[PDB]
Structure formats: structure tokens, C-alpha cells
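Engineer: Pasting in a structure now, in C-alpha cells, and then I'll have a few things to ask.
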Amino acid sequence: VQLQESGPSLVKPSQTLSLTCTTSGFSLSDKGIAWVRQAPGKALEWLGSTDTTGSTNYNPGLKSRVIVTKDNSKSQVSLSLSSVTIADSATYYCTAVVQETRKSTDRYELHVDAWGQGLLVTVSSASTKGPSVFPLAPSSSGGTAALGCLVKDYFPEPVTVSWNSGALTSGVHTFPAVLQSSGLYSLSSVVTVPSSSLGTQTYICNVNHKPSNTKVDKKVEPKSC
Amino acid sequence: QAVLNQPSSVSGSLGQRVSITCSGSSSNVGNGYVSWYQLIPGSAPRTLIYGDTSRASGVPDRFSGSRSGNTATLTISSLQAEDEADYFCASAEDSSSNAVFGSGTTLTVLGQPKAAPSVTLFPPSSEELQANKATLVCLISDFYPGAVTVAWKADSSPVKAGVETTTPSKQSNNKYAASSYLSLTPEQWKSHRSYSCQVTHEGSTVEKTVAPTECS
């Protein structure tokens with residue numbers, strides 16, 4: 001029931017991309033696990049599974065670059081993708097698959113039963129850079145006020161933003177990032193709250209940029225002047 | 001990588017029926033056991049159909065699959081707003097350990113009400129200005145259809161330099177969001193009486209204005 005991907009968000013060209021899928025809620029020894037990736041706006045691409053059948057290289061690009069293994073002692077399935085290029089930038093999904101030969105003429109049965117959330121991997125030589133975080137103060141509206149946090153000039157994706165350590169979820173809207181000509185990303189998260197609460201409620205945005213081990217807690221408050 | 005052939009886009013109106021095709025050779029689609037997946041932005045892909053015609057657990061009956069030779073079809077009846085998504089087919093090829101996916105078909109559901117964008121505009125923070133930088137942040141939400149154009153004004157004059165605007169993206173309520181950032185020097189920011197972010201949607205322009213005299 002759980003397929004948790006982990007691994008680096010950034011890898012340099014010519015290096016090996018190593019991801020891990022930690023499974024839970026079923027017997028790993030008795031289920032196929034496969035890696036599927038998707039580049040933005042492109043077709044899903046099969047990488048490999050824990051159970052290979054036949055004997056052919058049905059993909060010149062992935063010809064002998066993929067290794068998938070199972071570590072039953074850790075309930076983990078690994079992916080190794082060697083000699084990466086920028087073309088290997090994509091979201092990588094851990095999946096649970098059904099693989100059968102049904103037959104008499106052999107017909108091949110393969111479908112994904114469950115999908116992980118996916119892990120974004122950027123292939124680039126650029127160094128990681130943590131964001132600068134700035135408060136977006138609520139101004140002077142139907143009884144509600146909008147406050148937010150600007151998460152400026154980071155690389156690579158992704159960034160996560162929570163409010164009040166996860167206690168505040170209603171009215172939160174985190175916007176997809178813009179990509180600037182500098183190659184750095186910026187995004188904003190806004191929370192809509194009752195105007196009356198501004199004098200009795202503290203609002204803190206929790207920004208986490210894993211690739212740079214950057215964690216910032218920024219208090220957002222009305223400003224006077 | 002081999003790819004199965006799908007139309008780039010399909011459309012159907014609310015309450016009506018739409019068909020999405022998946023075409024391949026006798027060695028993939030022609031072997032049967034085509035599967036279908038629904039990709040909604042921000043969510044994990046969802047399996048809808050496997051084995052040509054079998055519905056995955058949790059999938060209502062108005063999602064149905066069929067196959068005629070080397071073309072398989074996903075049919076969605078009683079279309080609703082939440083059906084807007086990208087739909088991908090798949091099948092094994094030559095072995096049960098090798099899958100080929102389609103290129104994906106984006107479904108637009110017609111007949112939905114137009115929704116005008118809501119705009120929130122933030123001036124540069126005092127912290128950023130202290131860092132000798134200035135960013136105006138224009139946040140645009142709750143619009144449908146998913147296309148806007150953004151224009152920035154300094155007082156009443158157009159600003160072209162320093163503007164970066166995102167593509168529109170689906171929210172969780174079937175509407176779209178976007179953001180636009182104007183980068184200025186602190187000197188430029190303070191040298192004007194106001195800046196405006198003007199968002200045009202389906203021929204109607206909504207705006208917000210900020211001024212350097214406001215507290216931030």
C-alpha cells in the first residue's frame with residue numbers, strides 16, 4: 001500500500017543515479033516492483049522491474065544502464081541508472097506491477113497496480129543553492145487577509161512549504177515555481193486567514209529545501225510604519 | 001523508447017461521453033491486456049483499466065475499456081469537471097517485463113462556467129530591500145479556462161524588463177493558478193508612486209496595485 005521513493009534530487013552528467021523504493025503493506029518477496037519515469041510533457045517510460053523475462057534490449061537509450069534489485073531484509077527495491085545525461089531528468093516513480101504470461105499462444109500481461117508519488121531528479125552540473133526566504137506581510141477584505149512567504153533563488157527543485165509546522169492547512173496555497181534566466185527557481189506560498197486572527201495568532205512558514213539541507217522558519221506578521 | 005499512438009487532445013461536454021484511442025502493432029496493443037492510467041497534476045498516477053476491459057479497484061463503471069484489433073479505447077461517460085487529466089495507455093511488448101506507454105491524451109471538459117482570476121499582489125519585503133533586492137509577487141488563482149496574460153505597470157507605464165511568469169497549472173478545485181514576478185532595484189521600486197499587476201483572462205482584465213509607502 002506504500003511505495004516510498006528516496007534518493008538525490010540532483011545528479012551530475014556522467015554519474016550514476018541511485019534511487020530506493022521502500023515498500024510497506026505487502027510481502028515484497030511476492031510482488032513485482034518496477035521503475036517508471038516521466039519527463040515533463042513526455043510519455044511515461046519503463047525503466048525496469050524486479051522480474052525480467054525474455055532476453056532483449058527493448059530500449060537503446062537504456063541499453064545496459066539500468067539495474068533493479070530487491071533487498072528483502074530492508075523491504076527496498078533499488079534503481080541504478082548509469083552514465084546519466086541531462087535527458088535523464090525526470091520524475092521517477094516506484095510502482096507495484098502485475099506480470100503474467102497468460103497463453104495456445106503466449107500473451108503478455110503487464111500493468112501497474114499502484115503508483116508512488118514520484119521523486120524529481122534533475123541532471124545538472126550546477127551546484128545546489130538554498131533559498132532566501134522572505135515574509136509577505138498581510139496588508140489592509142471580506143474579513144480575510146492574505147499572508148505568505150517568498151522562497152527565492154534556489155536550485156534544484158523541489159521545495160516544500162508548510163505553515164505552523166503542519167497545524168495550518170486550510171487556506172494554504174503554494175504556487176509552482178518560476179524558473180529564471182539565472183537557472184534558479186522562486187516560488188511563493190500564501191495562506192488566507194481571518195483578519196481578526198492577526199492579533200491573536202502567530203503564522204510561521206516552514207521552508208525545507210532538502211538538496212541543500214536548508215530549513216528556514218520565517219515568521220510572517222503585519223508590519224507597521 | 002517505443003511509444004503507443006494516442007491523440008494529443010480530446011474534448012467532451014459536461015454529462016456527455018468521450019473516447020480516447022491507443023494504437024499500436026500486433027506485438028503490443030494487438031496482444032491485448034492494454035491498461036489505462038489517469039494523470040492529474042499533483043497526484044500519483046491512477047490505474048483505471050487493465051486487461052483491456054477490467055476496471056481497477058475503486059474505479060466507477062463510467063470508465064470502460066475496449067479493444068478492436070490494434071487500437072484500444074478508453075471511454076468516459078457522464079463527463080464531469082474532475083475528469084480533466086492526461087490519460088495514458090500501456091501494454092507489454094514481447095515480454096511481461098517490458099512495457100510501452102502511449103504519448104498521453106489531455107482531456108478538456110467543455111460546458112464549464114468561466115471563472116475569473118483572483119489576484120494577490122505583494123510588495124517587496126523590508127528584509128529583501130535591506131538585501132538590496134526587490135521582488136513584486138503577483139499570485140493568480142481560481143481561473144478557468146487555464147490561460148491568462150500578465151502585464152505590469154510602473155505608475156501607468158508598461159514594464160517589460162524583469163518579468164517572469166509561470167505557465168498556468170491545475171489547482172485541486174478544477175481551476176488554474178499562475179504567478180508573475182517583477183524584479184526591480186530598490187531605487188526603481190521607490191522611484192514610482194505605484195506598481196500594478198494586470199491579469200487578462202478571456203478578454204477581461206483584473207488588477208491589483210501596491211505602493212512603496214505601504215508597510216512591509
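Residues in the C-alpha cells are named by chain (A, B, ... in the order shown) and by number from 1 within that chain; ligands are numbered from 1 in the order shown.
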If you count only C-alpha atoms, which residues fall within 10 Å of segment 94-110 of chain A, apart from same-chain ones fewer than 3 positions away, as JSON, numbers by chain?

Structural biologist: {"A": [1, 2, 3, 4, 5, 6, 19, 20, 21, 22, 23, 28, 31, 32, 33, 34, 35, 36, 37, 49, 50, 51, 52, 53, 77, 78, 79, 113, 114, 115, 116, 117, 118, 119], "B": [27, 28, 30, 31, 32, 33, 34, 35, 45, 50, 51, 90, 91, 92, 93, 94, 95, 96, 97, 98, 99, 100]}

Engineer: For residue 62 of chain A, please output as JSON, numbers by chain all residues within 12 Å (counting only C-alpha atoms; exclusion window: fewer than 3 positions along the same chain).

Structural biologist: {"A": [45, 46, 47, 48, 56, 57, 58, 59, 65, 66, 67, 80, 81, 82, 83, 84, 85, 87, 88], "B": [1, 2]}

Engineer: Could you jot down the atom CA of residue 150 of chain A to atom CA of residue 137 of chain A separation for me, Å, one decimal place?

Structural biologist: 10.4 Å

Engineer: Rounded to one decimal in Å, what is the spacing between atom CA of residue 4 of chain B and atom CA of residue 89 of chain B?

Structural biologist: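 Atom CA of residue 89 of chain B lies at a distance of 7.6 Å from atom CA of residue 4 of chain B.
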
Engineer: Give me the residues within 12 Å of residue 193 of chain B as a PyMOL selection string, counting only C-alpha atoms and dropping any in the same chain fewer than 5 places off.

Structural biologist: chain B and resi 153-157+188+209-214

Engineer: Mind dumping the selected residues with N, CA, C and O atoms as an mmCIF file, in the first residue's frame?

Structural biologist:
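Contents of selection.cif, as written:
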```cif
data_model
loop_
_atom_site.group_PDB
_atom_site.id
_atom_site.type_symbol
_atom_site.label_atom_id
_atom_site.label_comp_id
_atom_site.auth_asym_id
_atom_site.auth_seq_id
_atom_site.Cartn_x
_atom_site.Cartn_y
_atom_site.Cartn_z
ATOM 1 N N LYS B 153 2.611 47.386 -14.777
ATOM 2 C CA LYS B 153 2.684 48.827 -14.978
ATOM 3 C C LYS B 153 3.501 49.458 -13.857
ATOM 4 O O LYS B 153 3.370 49.078 -12.690
ATOM 5 N N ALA B 154 4.356 50.408 -14.222
ATOM 6 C CA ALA B 154 5.012 51.300 -13.270
ATOM 7 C C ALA B 154 4.268 52.627 -13.342
ATOM 8 O O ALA B 154 4.313 53.313 -14.369
ATOM 9 N N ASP B 155 3.575 52.978 -12.260
ATOM 10 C CA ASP B 155 2.553 54.014 -12.322
ATOM 11 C C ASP B 155 1.537 53.600 -13.381
ATOM 12 O O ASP B 155 0.742 52.684 -13.150
ATOM 13 N N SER B 156 1.566 54.240 -14.551
ATOM 14 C CA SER B 156 0.695 53.856 -15.656
ATOM 15 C C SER B 156 1.478 53.432 -16.891
ATOM 16 O O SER B 156 0.872 53.187 -17.941
ATOM 17 N N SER B 157 2.813 53.328 -16.795
ATOM 18 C CA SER B 157 3.638 52.988 -17.941
ATOM 19 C C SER B 157 3.931 51.493 -17.970
ATOM 20 O O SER B 157 4.065 50.866 -16.918
ATOM 21 N N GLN B 188 14.420 51.728 -8.210
ATOM 22 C CA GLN B 188 13.274 51.740 -9.118
ATOM 23 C C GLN B 188 11.965 51.630 -8.351
ATOM 24 O O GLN B 188 11.002 52.356 -8.627
ATOM 25 N N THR B 209 -2.759 46.751 -7.141
ATOM 26 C CA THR B 209 -1.765 47.811 -7.114
ATOM 27 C C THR B 209 -1.118 47.860 -5.739
ATOM 28 O O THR B 209 -1.795 47.667 -4.727
ATOM 29 N N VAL B 210 0.193 48.101 -5.718
ATOM 30 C CA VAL B 210 0.947 48.294 -4.486
ATOM 31 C C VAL B 210 1.802 49.547 -4.622
ATOM 32 O O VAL B 210 2.171 49.959 -5.731
ATOM 33 N N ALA B 211 2.129 50.147 -3.483
ATOM 34 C CA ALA B 211 2.871 51.396 -3.433
ATOM 35 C C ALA B 211 4.004 51.291 -2.420
ATOM 36 O O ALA B 211 3.839 50.657 -1.371
ATOM 37 N N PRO B 212 5.161 51.897 -2.702
ATOM 38 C CA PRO B 212 6.295 51.780 -1.768
ATOM 39 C C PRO B 212 6.049 52.393 -0.403
ATOM 40 O O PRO B 212 6.805 52.097 0.529
ATOM 41 N N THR B 213 5.018 53.224 -0.245
ATOM 42 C CA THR B 213 4.746 53.832 1.052
ATOM 43 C C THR B 213 4.060 52.871 2.015
ATOM 44 O O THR B 213 4.060 53.122 3.225
ATOM 45 N N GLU B 214 3.481 51.785 1.511
ATOM 46 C CA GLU B 214 2.864 50.790 2.377
ATOM 47 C C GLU B 214 3.926 50.080 3.211
ATOM 48 O O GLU B 214 5.085 49.949 2.804
#
```

Engineer: Pick out the closest residue to residue 135 of chain B from this set: A:188, A:86, A:9, A:111. Count only C-alpha atoms.

Structural biologist: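 Selected residue with least distance to residue 135 of chain B: A:188.
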
Engineer: If I take atom CA of residue 37 of chain B and atom CA of residue 178 of chain A, how far is one from the other in Å, to one decimal?

Structural biologist: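 Rounded to one decimal, the two atoms are 28.3 Å apart.
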
Engineer: Any idea what's packed within 12 Å of residue 58 of chain B, counting only C-alpha atoms, ignoring anything in its chain fewer than 4 positions away? Could you give it as a count of residues only?

Structural biologist: 8

Engineer: Got a sec: who's within 7 Å of residue 11 of chain A, counting only C-alpha atoms, leaving out chain neighbours fewer than 2 positions off, as a ChimeraX atom specification?

Structural biologist: /A:8-9,13,15,17,122-124

Engineer: Go ahead and save the picked residues with N, CA and C atoms, as an mmCIF file, in the first residue's frame.

Structural biologist:
```cif
data_model
loop_
_atom_site.group_PDB
_atom_site.id
_atom_site.type_symbol
_atom_site.label_atom_id
_atom_site.label_comp_id
_atom_site.auth_asym_id
_atom_site.auth_seq_id
_atom_site.Cartn_x
_atom_site.Cartn_y
_atom_site.Cartn_z
ATOM 1 N N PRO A 8 18.789 11.109 -4.308
ATOM 2 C CA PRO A 8 19.141 12.506 -4.570
ATOM 3 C C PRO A 8 18.192 13.168 -5.555
ATOM 4 N N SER A 9 17.976 14.465 -5.341
ATOM 5 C CA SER A 9 17.244 15.294 -6.286
ATOM 6 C C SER A 9 18.134 15.846 -7.391
ATOM 7 N N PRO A 13 25.964 15.085 -14.797
ATOM 8 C CA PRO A 13 26.143 14.273 -16.004
ATOM 9 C C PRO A 13 27.308 13.306 -15.838
ATOM 10 N N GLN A 15 27.408 10.702 -14.034
ATOM 11 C CA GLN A 15 27.341 9.967 -12.782
ATOM 12 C C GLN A 15 26.248 8.903 -12.852
ATOM 13 N N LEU A 17 22.780 7.475 -11.216
ATOM 14 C CA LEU A 17 21.614 7.823 -10.413
ATOM 15 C C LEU A 17 21.179 6.589 -9.634
ATOM 16 N N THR A 122 16.848 16.017 -11.166
ATOM 17 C CA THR A 122 17.442 16.921 -12.137
ATOM 18 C C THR A 122 18.886 16.497 -12.374
ATOM 19 N N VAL A 123 19.237 16.269 -13.632
ATOM 20 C CA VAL A 123 20.625 16.025 -14.012
ATOM 21 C C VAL A 123 21.231 17.348 -14.453
ATOM 22 N N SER A 124 22.235 17.814 -13.713
ATOM 23 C CA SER A 124 22.859 19.099 -13.984
ATOM 24 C C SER A 124 24.205 19.160 -13.280
#
```

Engineer: Need the shell around segment 170-176 of chain B: protein/DNA/RNA residues with any atom at most 9 Å away, counting only C-alpha atoms. Skip same-chain ones fewer than 6 positions apart. Format as a list in words?

Structural biologist: residues 173 of chain A; 40, 41, 42, 81, 82, 84, 115, 117, 140, 141, 142, 143, 144, 145, 146 and 147 of chain B

Engineer: Hey, what's within 9 Å of residue 132 of chain B if we count only C-alpha atoms and toss same-chain stuff fewer than 4 positions away? As an NGL selection string, please?

Structural biologist: :B and (128 or 185-186)

Engineer: Give me, as a list in words, the residues of segment 20-65 of chain B that a backbone DSSP run labels strand (DSSP E or B).

Structural biologist: residues 20, 21, 22, 23, 35, 36, 37, 38, 39, 46, 47, 48, 49, 50, 54, 55, 63, 64 and 65 of chain B
